[PDB]
Every structure is written in C-alpha cells, then in structure tokens.
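Have a look at the structure below before the remarks.
Number of protein chains: 2
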Amino acid sequence: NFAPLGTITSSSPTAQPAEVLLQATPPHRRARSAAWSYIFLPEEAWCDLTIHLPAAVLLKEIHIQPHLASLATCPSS
Amino acid sequence: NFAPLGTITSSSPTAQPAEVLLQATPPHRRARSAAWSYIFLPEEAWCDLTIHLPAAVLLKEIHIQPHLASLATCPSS
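Protein chains in written order, with the deposited numbering: chain B, 3162 to 3238; chain A, 3162 to 3238.
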C-alpha cells in the first residue's frame, strides 16, 4: 500500500482536508461519523480527489471503503 | 391506506411471518433490528410477497420502506 506516502488534494476550494483518508489503520467499523465528508451544491454532479505519489509505481488495485454506519451516502459511481 | 385490512403471505415455506409489515404506525427510525427479515439460499434470486384485500380497490400508489439502520440489505430491484 503506497497511499500513506502520498499527498491528497481536491479541486473544490471549500472542501474539508482529506489527509485522514490515507492512514494505514482503518477506522472502527461502528463509528458514528464518517472520516471525510463532502457537501454537494444543487447544480453539482461530480467531485474529484487527486493523489500524488513521490515516485512512479506499478499500480494494480484501488480500494475504497465507504462509511458503513450509513450507506445512503455511498457514491453512485 | 388499505394495507392494514389485508392479509400478507409468501411462497417460501420457511419464511418468517410478515403480518407486522402491514401495521399503520411506522417503526422507530433508529430501530436496531429490521421488522421483517429473509434469508436467501445460494441458488435463489427472487422472493415474493402477496397481499390479498377483502374487496376490489382502485389502486394508485405502492410504498415500501427499507430498514434504514443498515441499507446494505435494501432489495436490488
């Protein structure tokens, strides 16, 4: 897992910092709050997150874990 | 709402009774257990529920409310 060594950023100027998404140890699977949250404007359809790595890597898999306490907030695609 | 006056049944001989789904007052939004549950066999794809009414009615709408405490169990279609 190379994610903890990189830097995460977003193009929305009003987004909560998301450096907590890269921690190696996953949060508890019964937490009452999502680690990272994003609020959509009524005319918005997509949000973006960019991860920069310090050096080139042969990539094979991407893992994303949503907030299990409430799956109504899982991204649609 | 004509549902409370009808009878509900299912074609699976090993299904939990589902007469509680017809109650007029909805359960609490923060309940820790689903009102009705069904367990799928590994070769099963669909389950069925039939509601019989005592007299003919001009039907317009159908409402179904899943278990909000865990949306991973919401039916796919």
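The beta-carbon is built from N, C-alpha and C at its ideal position, and this holds for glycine as well.
Any C-beta of chain A under 8 Å from that of residue i
i	result
B:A3233	yes
Proximity to residue i [Cα-Cα], best of the options
i	options	result
B:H3213	B:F3163, B:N3162 and B:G3167	B:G3167
B:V3181	B:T3170, B:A3196 and B:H3189	B:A3196
A:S3171	A:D3209, A:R3191, A:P3203 and A:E3205	A:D3209
B:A3192	B:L3229, B:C3235 and B:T3211	B:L3229
A:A3164	A:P3215, A:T3175 and A:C3235	A:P3215
A:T3186	A:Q3226, A:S3238 and A:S3173	A:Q3226
A:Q3177	A:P3236, A:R3190, A:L3219 and A:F3201	A:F3201
B:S3237	B:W3207, B:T3175, B:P3174 and B:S3194	B:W3207
A:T3211	A:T3175, A:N3162 and A:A3179	A:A3179
A:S3198	A:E3222, A:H3189, A:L3219 and A:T3175	A:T3175
Pair within 8 Å by beta-carbon distance, residue i and residue j
i	j	result
A:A3233	B:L3183	no
The beta strand (DSSP E) enclosing residue i, as first and last residue numbers
i	result
A:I3169	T3168 to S3171
B:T3211	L3210 to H3213
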